[PDB]
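Going line by line, the protein sequences match chains Z, S and Y.
For reference, each letter of the first sequence is one residue, going 351 to 450 in my numbering.
For reference, each letter of the second sequence is one residue, going 130 to 326 in my numbering.
For reference, each letter of the third sequence is one residue, going 32 to 148 in my numbering.
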Amino acid sequence: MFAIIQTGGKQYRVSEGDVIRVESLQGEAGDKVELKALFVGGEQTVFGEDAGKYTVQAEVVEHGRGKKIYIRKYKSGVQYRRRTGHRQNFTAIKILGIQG
Amino acid sequence: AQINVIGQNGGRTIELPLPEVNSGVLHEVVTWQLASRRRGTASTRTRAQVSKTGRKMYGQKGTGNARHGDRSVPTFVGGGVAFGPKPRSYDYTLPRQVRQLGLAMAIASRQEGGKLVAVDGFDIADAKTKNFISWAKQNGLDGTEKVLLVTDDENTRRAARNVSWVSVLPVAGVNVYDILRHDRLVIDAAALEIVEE
Amino acid sequence: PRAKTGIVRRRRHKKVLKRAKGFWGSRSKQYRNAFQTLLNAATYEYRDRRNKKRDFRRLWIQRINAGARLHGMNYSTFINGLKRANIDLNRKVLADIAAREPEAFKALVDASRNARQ
RNA sequence: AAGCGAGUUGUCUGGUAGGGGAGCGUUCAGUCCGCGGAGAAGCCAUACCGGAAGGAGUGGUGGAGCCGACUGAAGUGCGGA
RNA sequence: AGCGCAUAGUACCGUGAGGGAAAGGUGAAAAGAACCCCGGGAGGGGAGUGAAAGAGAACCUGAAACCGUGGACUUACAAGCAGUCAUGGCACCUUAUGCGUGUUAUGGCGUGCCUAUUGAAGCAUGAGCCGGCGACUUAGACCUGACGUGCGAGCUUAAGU
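Next up, the structure:
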């Protein structure tokens, strides 16, 4: 009825809200593939007991492509000489995701 | 074997070893060309006192930090900067060995380049350049490539000077200056041909 | 030789003037309070999206401290109640979620409260 | 046909005089089939990418050219003296 | 910019030999313009001229500190040169997709850069800004050394054709 949980990191609320995610090594590049493991969060209809028996049944999410990147340059330094710089090569996929 | 026109059709002379390729140790013949033949001049500035003016000055140590004492710095607008590009005469020699083979190396994969044996033109009479150059149609040579030129005549070998078309300077010998310029290397003179001489 | 860069050094100043945000007066096209204020916008700006955790840290230590004291509550000397279930592990974010359903500690009180003996 | 690494472990430290090392681009020059009248080059602004520097999407305006890859050259670049 | 001179080393600085500017540019062509207005006139209207007069009779494009006005928004009861994020707050929605664009009461607190300094964040100094100049290199068998190559018995100056 809502959605929380893990993997990659923690940044949720989304249950259909559509938010950019992280990535994966092999197994990428290709519309949708589906991936799962165990769980942690739930809530549900007044029934989010813990993060222990957060497995039992599985709920098949989606997995998009990799979504461009919020490109920048970066800069830092105080009273002396100017050097350095090293881009954020992040991919940040999207992952549709859908309740189960 | 061997393709040709104007005269006969044959070939077996060679010289010039030439394996697969691995060629191009002749880049110093791409600046020497303009060094044993080049006019240095620049903006001409090296003088530290080109201006030639008075001496002495205001109150070097007074008023508002004068920093005066004549004008010898690249500060005041209207002079020079002291030290820089003096005429120059280009001083390089270029090894005298690599030349009568480095050229052969420019035939590594350039072998595909059109080459043969000939004498100006036979199907013509004297000289008047018209249907003589137009003969260069018996192979699509009037607007498809660049045409290399050499010959041994200086009496009928000067009638094709342009900006983007062909080049022409002849001395009857070889020249790196003109070995890629005109895509199909065609010397042939029956007087100073491929002779290693 | 020659170059004359009396025009190319314009986009330079602007390529960094990107941050012509709402600063002060007219620090958006300044030429003083720009390439300086930019050097001002050149500080912990680098670490202004990570270090911030410390700021929002100043949230769940007022809520998680002792919300519904009508139970027992302690938080600090209670965290040893958290990691006292089968597979606790996880912690915050779930505090951000705790802002929704109040029944996040109904049968999740005395289900760790005296989970000692 | 100029050398390149995921799979992995420690190092990947921050660096002042320094060592090995990559570039953004403008002017000169090579090849100019060229790119521009729907008009590019002069310039004003929009969340793509890039190790940073910067390369990108379009009009605006402007009036006649202009830069490109492989390349070497040049008084190649602090607002700050 | 380049010799100071792309029609001046005008006037001159001046006690004297002796020191000197700054400054260019409208399109091919001026056709640099009759005709009623405020006004003394300068300057401004009509309308042709003008292929194109946001060239414009002190004239290409025309970026900018300072400087000209309004507006969507906030603000005098709130305190620190400045900061970045942070919930809100008015606006917009160049893709209803409770998601953003133009932003601010306020919060953590947090002191600038250059740069000769053991040493600071300083009141240590340099700095109102704009536009450029912005330097260990240029010729020299001056030498040592990385790499690619020439050769293992090796490599060339003077110019004569």
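Cβ atoms here follow ideal geometry from the backbone N, Cα and C, with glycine treated the same way.
Within 10 angstroms of the Cβ of residue i, are there 16 or more other Cβ atoms? Answer buried if so, exposed if not.
{"i": "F389/Z", "result": "buried"}
{"i": "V179/S", "result": "exposed"}
{"i": "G402/Z", "result": "exposed"}
{"i": "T280/S", "result": "buried"}
{"i": "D199/S", "result": "exposed"}
{"i": "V150/S", "result": "exposed"}
{"i": "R58/Y", "result": "buried"}
{"i": "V39/Y", "result": "exposed"}
{"i": "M186/S", "result": "exposed"}
{"i": "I445/Z", "result": "buried"}
{"i": "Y221/S", "result": "exposed"}
{"i": "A130/S", "result": "exposed"}
{"i": "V383/Z", "result": "exposed"}
Residue i touches chain Y at which residues, Cβ-Cβ below 7 Å?
{"i": "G358/Z", "result": "In chain order: nothing, as chain Y lies at least about 12 Å away."}
Which chain Y residues sit within Cβ distance under 8 Å of residue i?
{"i": "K444/Z", "result": "The contacting residues do not exist; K444/Z stays about 20 Å from chain Y at best."}
For residue i, go through chain Y and note every residue whose CB falls closer than 9 Å to its CB, in chain order.
{"i": "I354/Z", "result": "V124, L125 and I128"}
Going along chain Z, which residues have a C-beta under 7 Å from residue i?
{"i": "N117/Y", "result": "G402"}
{"i": "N121/Y", "result": "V390 and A401"}
Helix or strand or just coil, what does DSSP make of residue i?
{"i": "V305/S", "result": "helix"}
{"i": "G103/Y", "result": "coil"}
{"i": "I316/S", "result": "coil"}
{"i": "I95/Y", "result": "helix"}
{"i": "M234/S", "result": "helix"}
{"i": "residue 154/Y", "result": "Chain Y is shown only over 32 to 148; residue 154/Y falls outside these bounds and no answer can be derived."}
{"i": "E241/S", "result": "helix"}
{"i": "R81/Y", "result": "coil"}
{"i": "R50/Y", "result": "helix"}
Shorter than 7 Å, the distance from the beta carbon of residue i to the closest heavy atom of the ligand PLP, or not?
{"i": "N121/Y", "result": "Looking for the ligand PLP in the displayed structure turns up nothing, as the structure carries no ligands at all."}
Between which two residues does the alpha helix (DSSP H) containing residue i stretch?
{"i": "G112/Y", "result": "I110 to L113"}
{"i": "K444/Z", "result": "Where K444/Z is concerned, there is no enclosing alpha helix (DSSP H), given that its DSSP letter is neither H nor E."}
{"i": "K403/Z", "result": "Unbroken run through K403/Z: none, as it is neither H nor E."}
{"i": "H44/Y", "result": "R42 to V47"}
>> At a CB distance below 8 Å, what residues from the region 89–105 of chain Y approach chain Z? Give them in sequence order.
In response: Residues passing the 8 Å Cβ filter: none.
>> Residues of the region 386–398 of chain Z in Cβ contact with chain Y at a cutoff of 8 Å, in chain order, please.
In response: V390, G391, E393, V396 and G398
> Given a limit of 7 Å on CB to CB distance, which residues of the region 45–68 of chain Y reach chain Z?
Replying inline: none
> Got a sec: which bits of the region 418–441 of chain Z sit with their beta carbon under 7 Å from any beta carbon on chain Y, in order along the chain?
Replying inline: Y424, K425 and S426
>> What are the residues in the region 67–84 of chain Y lying within 7 Å of chain Z by C-beta distance?
In response: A73 and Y77
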